[PDB]
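The structure appears right after this line, and notes come after that.
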Amino acid sequence: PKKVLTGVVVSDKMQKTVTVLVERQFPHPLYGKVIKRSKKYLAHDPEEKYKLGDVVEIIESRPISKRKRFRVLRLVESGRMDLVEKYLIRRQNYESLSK
Amino acid sequence: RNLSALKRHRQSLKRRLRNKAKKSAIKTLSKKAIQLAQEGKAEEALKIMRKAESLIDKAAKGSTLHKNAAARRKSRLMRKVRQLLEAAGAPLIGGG
Amino acid sequence: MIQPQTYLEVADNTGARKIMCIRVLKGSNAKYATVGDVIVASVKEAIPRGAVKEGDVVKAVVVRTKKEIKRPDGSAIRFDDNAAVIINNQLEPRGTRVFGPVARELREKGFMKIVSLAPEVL
Amino acid sequence: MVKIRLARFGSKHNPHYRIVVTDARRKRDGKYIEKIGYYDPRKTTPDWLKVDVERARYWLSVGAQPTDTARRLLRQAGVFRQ
RNA sequence: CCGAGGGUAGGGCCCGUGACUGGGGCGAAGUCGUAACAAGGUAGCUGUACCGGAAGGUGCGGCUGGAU
RNA sequence: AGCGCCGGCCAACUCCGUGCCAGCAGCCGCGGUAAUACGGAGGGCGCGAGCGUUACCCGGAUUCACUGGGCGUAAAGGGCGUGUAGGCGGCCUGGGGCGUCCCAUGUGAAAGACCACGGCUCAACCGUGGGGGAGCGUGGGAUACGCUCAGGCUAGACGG
RNA sequence: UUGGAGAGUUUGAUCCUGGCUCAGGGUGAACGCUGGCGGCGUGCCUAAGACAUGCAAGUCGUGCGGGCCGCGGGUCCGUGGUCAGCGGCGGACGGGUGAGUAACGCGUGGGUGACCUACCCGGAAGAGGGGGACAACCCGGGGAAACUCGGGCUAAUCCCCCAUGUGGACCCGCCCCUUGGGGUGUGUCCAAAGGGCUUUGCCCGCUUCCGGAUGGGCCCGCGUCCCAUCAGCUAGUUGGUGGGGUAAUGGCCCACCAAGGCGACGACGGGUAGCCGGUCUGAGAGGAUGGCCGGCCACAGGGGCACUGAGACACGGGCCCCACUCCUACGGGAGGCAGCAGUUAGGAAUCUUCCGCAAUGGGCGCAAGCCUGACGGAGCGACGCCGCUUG
RNA sequence: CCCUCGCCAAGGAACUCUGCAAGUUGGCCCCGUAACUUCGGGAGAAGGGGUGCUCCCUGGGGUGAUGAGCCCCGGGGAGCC
Ligand SMILES: [Mg+2]
Ligand SMILES: [Mg+2]
Ligand SMILES: [Mg+2]
Ligand SMILES: [Mg+2]
Ligand SMILES: [Mg+2]
Ligand SMILES: [Mg+2]
Ligand SMILES: [Mg+2]
Ligand SMILES: [Mg+2]
Ligand SMILES: [Mg+2]
Ligand SMILES: [Mg+2]
Ligand SMILES: [Mg+2]
Ligand SMILES: [Mg+2]
Ligand SMILES: [Mg+2]
Ligand SMILES: [Mg+2]
Ligand SMILES: [Mg+2]
Ligand SMILES: [Mg+2]
Ligand SMILES: [Mg+2]
Ligand SMILES: [Mg+2]
Ligand SMILES: [Mg+2]
Ligand SMILES: [Mg+2]
Ligand SMILES: [Mg+2]
Ligand SMILES: [Mg+2]
Ligand SMILES: [Mg+2]
Ligand SMILES: [Mg+2]
Ligand SMILES: [Mg+2]
Ligand SMILES: [Mg+2]
Ligand SMILES: [Mg+2]
Ligand SMILES: [Mg+2]
Ligand SMILES: [Mg+2]
Ligand SMILES: [Mg+2]
Ligand SMILES: [Mg+2]
Ligand SMILES: [Mg+2]
Ligand SMILES: [Mg+2]
Ligand SMILES: [Mg+2]
Ligand SMILES: [Mg+2]
Ligand SMILES: [Mg+2]
Ligand SMILES: [Mg+2]
Ligand SMILES: [Mg+2]
Ligand SMILES: [Mg+2]
Ligand SMILES: [Mg+2]
Ligand SMILES: [Mg+2]
Ligand SMILES: [Mg+2]
Ligand SMILES: [Mg+2]
Ligand SMILES: [Mg+2]
Ligand SMILES: [Mg+2]
Ligand SMILES: [Mg+2]
Ligand SMILES: [Mg+2]
Ligand SMILES: [Mg+2]
Ligand SMILES: [Mg+2]
Ligand SMILES: [Mg+2]
Ligand SMILES: [Mg+2]
Ligand SMILES: [Mg+2]
Ligand SMILES: [Mg+2]
Ligand SMILES: [Mg+2]
Ligand SMILES: [Mg+2]
Ligand SMILES: [Mg+2]
Ligand SMILES: [Mg+2]
Ligand SMILES: [Mg+2]
Ligand SMILES: [Mg+2]
Ligand SMILES: [Mg+2]
Ligand SMILES: [Mg+2]
Ligand SMILES: [Mg+2]
Ligand SMILES: [Mg+2]
Ligand SMILES: [Mg+2]
Ligand SMILES: [Mg+2]
Ligand SMILES: [Mg+2]
Ligand SMILES: [Mg+2]
Ligand SMILES: [Mg+2]
Ligand SMILES: [Mg+2]
Ligand SMILES: [Mg+2]
Ligand SMILES: [Mg+2]
Ligand SMILES: [Mg+2]
Ligand SMILES: [Mg+2]
Ligand SMILES: [Mg+2]
Ligand SMILES: [Mg+2]
Ligand SMILES: [Mg+2]
Ligand SMILES: [Mg+2]
Ligand SMILES: [Mg+2]
Ligand SMILES: [Mg+2]
Ligand SMILES: [Mg+2]
Ligand SMILES: [Mg+2]
Ligand SMILES: [Mg+2]
Ligand SMILES: [Mg+2]
Ligand SMILES: [Mg+2]
Ligand SMILES: [Mg+2]
Ligand SMILES: [Mg+2]
Ligand SMILES: [Mg+2]
Ligand SMILES: [Mg+2]
Ligand SMILES: [Mg+2]
Ligand SMILES: [Mg+2]
Ligand SMILES: [Mg+2]
Ligand SMILES: [Mg+2]
Ligand SMILES: [Mg+2]
Ligand SMILES: [Mg+2]
Ligand SMILES: [Mg+2]
Ligand SMILES: [Mg+2]
Ligand SMILES: [Mg+2]
Ligand SMILES: [Mg+2]
Ligand SMILES: [Mg+2]
Ligand SMILES: [Mg+2]
Ligand SMILES: [Mg+2]
Ligand SMILES: [Mg+2]
Ligand SMILES: [Mg+2]
Ligand SMILES: [Mg+2]
Ligand SMILES: [Mg+2]
Ligand SMILES: [Mg+2]
Ligand SMILES: [Mg+2]
Ligand SMILES: [Mg+2]
Ligand SMILES: [Mg+2]
Ligand SMILES: [Mg+2]
Ligand SMILES: [Mg+2]
Ligand SMILES: [Mg+2]
Ligand SMILES: [Mg+2]
Ligand SMILES: [Mg+2]
Ligand SMILES: [Mg+2]
Ligand SMILES: [Mg+2]
Ligand SMILES: [Mg+2]
Ligand SMILES: [Mg+2]
Ligand SMILES: [Mg+2]
Ligand SMILES: [Mg+2]
């Protein structure tokens, strides 16, 4: 099937495109423990209906642009700005990891 | 120091001529009709546009155009002419 | 009309790019070298790992010059640069290719090997 | 065309073919589409020939082309019997 | 138009090498002393600072991983 | 029929020669006039159209430790707080079923490896059959625990 | 539950910590001493340095017209061989190598309503009528060769033109679907080549369409080494609109617009490496590895480029630039073994300039058959394993 | 012959105590710019591109009035010698 993923929109600042962050868990292949890893997908939104904070599903799709190979499947939840915080604060810490 | 690969290069040069010549014409005509369709001039646009389409499919008989190119050139040819005549109408022949 | 201080292009593949004339080998006090004349030169610029390197004092035969050379048949020929081919003491090129045309004058002066290796002779 | 033929296994002075369906453009002993039987030319065992007959008929229907010396080992197992 | 590359000019990283120079390892058949190990003959060690041929010394503060 | 070895590790011991020399050496170490440790010899041990050396890989190495180590004095607690991300988190009830677990099914090529048999006089080599797998897709299920959402609590925490 | 041994060495002695060392298995090996036979393997790991000579891709006269020779016998016809040429089909496979690449390259599972597929098979229908070019050959000029210039003529399964329309293509509307999927209506557009025999019948070809099969392109999830003494990176950059391009999606390319995209879950940078099935070891977990065999990729003296084509941006095809070498008659030309052997350099070190198309396989052909350094075998080497001898 | 001045083949500092003298460079706009640093600078570093005229489209300002005219600061396209 077309791969389907669920995540938070962290950017709406492109026209007709959202950045959807998809998260996942898996055991460490040696140390066993369950670990999280995340990844941003540029998802096609022809309708500019998806907002910052939406939790959405995206479905692998024929390529729309370089880097966009997913369209937005549907709304799941709205107003998860707490997730968007988690991401945004993390990027803001990066200014403090340099020299 | 020899080969019939020579033969095969000898031939490619000749097929190259026939091809290029065919493709040249298609663009000359398509653009001609598109030009007409802009200032349309509807009967004439349509008239030349037919001459194009014929030549395109003629090219798709051989190695010149793969069928889908012919399809594609035709599709874009037609779309342009029609939508151009929308800025004044109306279709004097066919078509369609 | 090459004289001490004149920079010449080197038209071979010895690795030398540019040489500065330091002497014209034509008797005790010749003022100028032309086509077919041998100079002694300093290597002022060379590419890495060639037969010859910057600082080397080499010999070279001038093979084309920016001052036109005149001919007994009333004509003259003129090149866009002054160029020389590096040689050894038996007037043989130390390189194995020569780039650009050379002057036919080279032949009558026994730079036979250079004359043949040359893409053109004018 | 896709072909039905003889991939040599076994070893030196010791042939052992796998009658097999593969693309003609493959190398002899290369990845084949499907195995459908074997053939010991030196005949050194009771069944020096085995052929799934039900299968070979499929590929033929669908356009496979057997080699000469495979056509035979298909005759011998009567894949051709009308 | 783009374009292999060529040419001009200025940058970045890396390797090799260099008069001379800084210590380091080692060797051991030397010179000078004897700083540490005993209260090691001024308890030692310490961060820092100044100083001395050299181990080192002294000052300030700290530690006991100090004998009596 | 050769090659290595015979101080210990490590299986195999005596004579001569030498005298901190000549030399051996993987580690520990042998040699300074009675050396099973050097060189030869007799003898012995080990393998055998081979034996031995050098190089490199894994092993022994739980000596990077997931299985399976550690940090007062052996190497090892940050000079001390505050705190971002992260990692982790009390009792009770439900909803969801992401982790997790089970069943089905597709995939998991061939060769190789593993078990059976068989062909080259054996074997090596080679052939025929068998056994599976992790891991990913699909469908169905479970809901203890971890997760998530929702509603309660007071033993943690904070406040009066 | 088929599976797990340890020893020497820090002290006068002890216990502990801790490093060094050894016994084991392995190899594309190499070196020494020694060396009889056979089988299966197996053999340039270094300079992806440079290469003398042969050979590694051609085939069909059942597409065509010609010369040259001969056989047949009354200038010509026939028939045969040969040699080009025009015309197919192959040459994109098969063989080499591992340079580059840390990437959707590979592995694994998926997506294509975004796609192609020669020859092969199944099924639907069809081959009417005209005209033309260029070689070969004749004739002129130019070279030492490579070689070519121009004038003229002639055939065809070569090229073109109209006709025909099962069908197919394209725009617009409509219905089902749901990314560009399937059907329909109007308009427009597109087919063809014949050869041969036993000759009112076959065979091989030719044409357009549908579906199969097979091989591919593109796309996505997850996996894939060392250095953070590399911490910030990005202007076709990230998205958009329109268009160009392709078989097809896509900043793949362009024009315009917006200000975005990425990064401690390690971007960017440097280094190293083709990846897998596997292999080796290890009780296992792990570690190490990718030679031979199979799968994929990449490359073809170093670069760029497209032509031809179903398919190539083509190892033994083309164009251009570079480096190098050679030939010459000194005017001018040629080449690309990382195909098989072979030479040289380098190195501790790695093979016969063998034989054959008999077998398997591939190409062309109705077929006989021709070619095949793929392959089948033979040669050298104790390189490995296995067997056997010196009783 | 001297002064002040213009040009010069090939060369290009070989002149001389010394490039002395004379060349070169040269405004503006844009790109771009190193060591080192007292973080200001070094900097106009260096180096490079542009520069005329014609036509067409177009942005902002001043004065008007909000418009015309006038004046100011531009942008994009196609051309000509
Ligand atoms: Mg787009
Ligand atoms: Mg041919
Ligand atoms: Mg034109
Ligand atoms: Mg076509
Ligand atoms: Mg084409
Ligand atoms: Mg120098
Ligand atoms: Mg450029
Ligand atoms: Mg450049
Ligand atoms: Mg160039
Ligand atoms: Mg020194
Ligand atoms: Mg020194
Ligand atoms: Mg003291
Ligand atoms: Mg003392
Ligand atoms: Mg004291
Ligand atoms: Mg002190
Ligand atoms: Mg003193
Ligand atoms: Mg003092
Ligand atoms: Mg204190
Ligand atoms: Mg031994
Ligand atoms: Mg032993
Ligand atoms: Mg013993
Ligand atoms: Mg002695
Ligand atoms: Mg003795
Ligand atoms: Mg010993
Ligand atoms: Mg002894
Ligand atoms: Mg052990
Ligand atoms: Mg371990
Ligand atoms: Mg080890
Ligand atoms: Mg542990
Ligand atoms: Mg420990
Ligand atoms: Mg300590
Ligand atoms: Mg503390
Ligand atoms: Mg601190
Ligand atoms: Mg927190
Ligand atoms: Mg949590
Ligand atoms: Mg809990
Ligand atoms: Mg719950
Ligand atoms: Mg679940
Ligand atoms: Mg399974
Ligand atoms: Mg298998
Ligand atoms: Mg048996
Ligand atoms: Mg088997
Ligand atoms: Mg198993
Ligand atoms: Mg529950
Ligand atoms: Mg709650
Ligand atoms: Mg409480
Ligand atoms: Mg000791
Ligand atoms: Mg001690
Ligand atoms: Mg002792
Ligand atoms: Mg120990
Ligand atoms: Mg040997
Ligand atoms: Mg020997
Ligand atoms: Mg190699
Ligand atoms: Mg070299
Ligand atoms: Mg060489
Ligand atoms: Mg041959
Ligand atoms: Mg035919
Ligand atoms: Mg013949
Ligand atoms: Mg022929
Ligand atoms: Mg290949
Ligand atoms: Mg091979
Ligand atoms: Mg490689
Ligand atoms: Mg990299
Ligand atoms: Mg990936
Ligand atoms: Mg993938
Ligand atoms: Mg073809
Ligand atoms: Mg005719
Ligand atoms: Mg027609
Ligand atoms: Mg742009
Ligand atoms: Mg588009
Ligand atoms: Mg293509
Ligand atoms: Mg791009
Ligand atoms: Mg990440
Ligand atoms: Mg890191
Ligand atoms: Mg590199
Ligand atoms: Mg490499
Ligand atoms: Mg172990
Ligand atoms: Mg590897
Ligand atoms: Mg290897
Ligand atoms: Mg391989
Ligand atoms: Mg390349
Ligand atoms: Mg190339
Ligand atoms: Mg090469
Ligand atoms: Mg090339
Ligand atoms: Mg080719
Ligand atoms: Mg090529
Ligand atoms: Mg390629
Ligand atoms: Mg190939
Ligand atoms: Mg080749
Ligand atoms: Mg000549
Ligand atoms: Mg030429
Ligand atoms: Mg050759
Ligand atoms: Mg040598
Ligand atoms: Mg060889
Ligand atoms: Mg061989
Ligand atoms: Mg054959
Ligand atoms: Mg055959
Ligand atoms: Mg055939
Ligand atoms: Mg042969
Ligand atoms: Mg002058
Ligand atoms: Mg001048
Ligand atoms: Mg100068
Ligand atoms: Mg100058
Ligand atoms: Mg001077
Ligand atoms: Mg002077
Ligand atoms: Mg001066
Ligand atoms: Mg001055
Ligand atoms: Mg001036
Ligand atoms: Mg001026
Ligand atoms: Mg001035
Ligand atoms: Mg500087
Ligand atoms: Mg300065
Ligand atoms: Mg500064
Ligand atoms: Mg400037
Ligand atoms: Mg300028
Ligand atoms: Mg201009
Ligand atoms: Mg003016
Ligand atoms: Mg003017
Ligand atoms: Mg005023
Ligand atoms: Mg105004």
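Each chain of the structure tokens is named A, B, ... in the order shown, its residues numbered from 1; ligands are numbered from 1 in display order.
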Please, which residues have at least one atom within 10 Å of an atom of ligand 25, using only C-alpha atoms (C1' of nucleotides) and all ligand atoms, listed as a PDB file with C-alpha atoms (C1' of nucleotides), in the first residue's frame?
ATOM      1  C1'   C F   6      63.083 -31.203  22.786  1.00  0.00           C
ATOM      2  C1'   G F   7      64.581 -24.583  29.501  1.00  0.00           C
ATOM      3  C1'   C F  13      67.765 -35.302  27.354  1.00  0.00           C
ATOM      4  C1'   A F  35      74.624 -24.268  29.611  1.00  0.00           C
ATOM      5  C1'   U F  36      68.661 -30.168  29.197  1.00  0.00           C
ATOM      6  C1'   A F  37      68.113 -22.500  26.819  1.00  0.00           C
ATOM      7  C1'   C F  38      74.176 -20.930  22.012  1.00  0.00           C
ATOM      8  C1'   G F  39      76.693 -24.355  17.832  1.00  0.00           C
ATOM      9  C1'   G F  40      77.502 -29.619  16.392  1.00  0.00           C
TER      10        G F  40
END
(Q) Show me, as a ChimeraX atom specification, the residues of chain G whose atoms get within 10 Å of chain C, using only C-alpha atoms (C1' of nucleotides) for the distance check. (A) /G:324,330,332
Q: Give the residue list for ligand 1 at 10 Å, counting only C-alpha atoms (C1' of nucleotides) and all ligand atoms, as a VMD selection string, sorted by chain and then by residue number.
A: (chain A and resid 44 63 to 66 68) or (chain G and resid 239 to 241 249 to 251)
Take the residues from that selection and write them out as a PDB file, in the first residue's frame, keeping N, CA and C atoms (P, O5', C5', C4', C3', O3' and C1' of nucleotides).
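For reference, out03.pdb as written:
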ATOM      1  N   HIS A  44       2.220  17.816   0.502  1.00  0.00           N
ATOM      2  CA  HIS A  44       1.453  18.686  -0.388  1.00  0.00           C
ATOM      3  C   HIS A  44       0.072  19.057   0.174  1.00  0.00           C
ATOM      4  N   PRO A  63       5.573  11.919  -7.149  1.00  0.00           N
ATOM      5  CA  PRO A  63       6.366  13.079  -6.763  1.00  0.00           C
ATOM      6  C   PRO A  63       5.711  14.379  -7.216  1.00  0.00           C
ATOM      7  N   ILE A  64       5.576  15.321  -6.290  1.00  0.00           N
ATOM      8  CA  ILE A  64       5.027  16.642  -6.593  1.00  0.00           C
ATOM      9  C   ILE A  64       6.124  17.662  -6.948  1.00  0.00           C
ATOM     10  N   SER A  65       7.195  17.679  -6.142  1.00  0.00           N
ATOM     11  CA  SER A  65       8.345  18.550  -6.378  1.00  0.00           C
ATOM     12  C   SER A  65       9.599  17.814  -5.965  1.00  0.00           C
ATOM     13  N   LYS A  66      10.781  18.431  -6.068  1.00  0.00           N
ATOM     14  CA  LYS A  66      11.965  17.782  -5.492  1.00  0.00           C
ATOM     15  C   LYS A  66      11.580  17.710  -4.046  1.00  0.00           C
ATOM     16  N   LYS A  68       9.163  16.755  -2.206  1.00  0.00           N
ATOM     17  CA  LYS A  68       7.769  16.500  -1.810  1.00  0.00           C
ATOM     18  C   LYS A  68       7.290  15.246  -2.489  1.00  0.00           C
TER      19      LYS A  68
ATOM     20  P     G G 239      11.227  21.883  -2.881  1.00  0.00           P
ATOM     21  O5'   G G 239      10.095  22.967  -2.678  1.00  0.00           O
ATOM     22  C5'   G G 239       9.009  22.637  -1.834  1.00  0.00           C
ATOM     23  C4'   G G 239       7.909  23.660  -1.855  1.00  0.00           C
ATOM     24  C3'   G G 239       7.245  23.971  -3.189  1.00  0.00           C
ATOM     25  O3'   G G 239       6.306  22.986  -3.588  1.00  0.00           O
ATOM     26  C1'   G G 239       7.788  25.961  -2.134  1.00  0.00           C
ATOM     27  P     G G 240       5.723  22.939  -5.085  1.00  0.00           P
ATOM     28  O5'   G G 240       5.064  24.374  -5.262  1.00  0.00           O
ATOM     29  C5'   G G 240       3.802  24.680  -4.688  1.00  0.00           C
ATOM     30  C4'   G G 240       3.416  26.105  -4.970  1.00  0.00           C
ATOM     31  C3'   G G 240       3.091  26.429  -6.421  1.00  0.00           C
ATOM     32  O3'   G G 240       1.768  26.089  -6.774  1.00  0.00           O
ATOM     33  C1'   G G 240       4.577  28.047  -5.584  1.00  0.00           C
ATOM     34  P     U G 241       1.440  25.221  -8.080  1.00  0.00           P
ATOM     35  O5'   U G 241       1.165  26.304  -9.227  1.00  0.00           O
ATOM     36  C5'   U G 241       0.513  27.549  -8.969  1.00  0.00           C
ATOM     37  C4'   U G 241       0.659  28.508 -10.135  1.00  0.00           C
ATOM     38  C3'   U G 241       0.881  27.855 -11.497  1.00  0.00           C
ATOM     39  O3'   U G 241      -0.318  27.496 -12.137  1.00  0.00           O
ATOM     40  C1'   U G 241       2.520  29.518 -11.170  1.00  0.00           C
ATOM     41  P     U G 249       5.200  13.500 -17.028  1.00  0.00           P
ATOM     42  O5'   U G 249       5.340  13.528 -15.449  1.00  0.00           O
ATOM     43  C5'   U G 249       4.320  12.994 -14.643  1.00  0.00           C
ATOM     44  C4'   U G 249       4.827  12.785 -13.256  1.00  0.00           C
ATOM     45  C3'   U G 249       5.549  13.970 -12.656  1.00  0.00           C
ATOM     46  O3'   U G 249       4.696  14.962 -12.148  1.00  0.00           O
ATOM     47  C1'   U G 249       6.801  12.019 -12.284  1.00  0.00           C
ATOM     48  P     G G 250       5.071  16.466 -12.516  1.00  0.00           P
ATOM     49  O5'   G G 250       6.478  16.618 -11.816  1.00  0.00           O
ATOM     50  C5'   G G 250       6.538  16.700 -10.412  1.00  0.00           C
ATOM     51  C4'   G G 250       7.958  16.658  -9.942  1.00  0.00           C
ATOM     52  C3'   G G 250       8.850  17.787 -10.375  1.00  0.00           C
ATOM     53  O3'   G G 250       8.556  19.011  -9.721  1.00  0.00           O
ATOM     54  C1'   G G 250      10.017  15.744 -10.527  1.00  0.00           C
ATOM     55  P     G G 251       8.933  20.419 -10.413  1.00  0.00           P
ATOM     56  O5'   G G 251      10.427  20.601  -9.909  1.00  0.00           O
ATOM     57  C5'   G G 251      11.434  21.165 -10.728  1.00  0.00           C
ATOM     58  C4'   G G 251      12.779  20.650 -10.306  1.00  0.00           C
ATOM     59  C3'   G G 251      12.924  20.494  -8.815  1.00  0.00           C
ATOM     60  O3'   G G 251      13.611  19.262  -8.486  1.00  0.00           O
ATOM     61  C1'   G G 251      14.216  22.381  -9.626  1.00  0.00           C
TER      62        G G 251
END
Q: Could the residues of chain H within 10 Å of chain C, counting only C-alpha atoms (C1' of nucleotides), be given as a ChimeraX atom specification, please?
A: /H:9-14
Q: Please provide as an MDAnalysis selection string all residues within 8 Å of residue 366 (chain G), with the sequence filter that same-chain residues fewer than 3 positions apart are discarded (counting only C-alpha atoms (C1' of nucleotides)).
A: chainID G and resid 62 203:204
Selection from above, C-alpha atoms (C1' of nucleotides), as a PDB file, in the first residue's frame, can you write it?
ATOM      1  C1'   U G  62      13.940 -16.989 -48.903  1.00  0.00           C
ATOM      2  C1'   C G 203       5.776 -21.247 -45.467  1.00  0.00           C
ATOM      3  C1'   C G 204       8.815 -16.999 -43.700  1.00  0.00           C
TER       4        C G 204
END
Q | Residue list for chain A near chain G as a ChimeraX atom specification, 12 Å, only C-alpha atoms (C1' of nucleotides) | A | /A:1-5,11-19,22-26,29-31,35-46,48,59-71,90-99
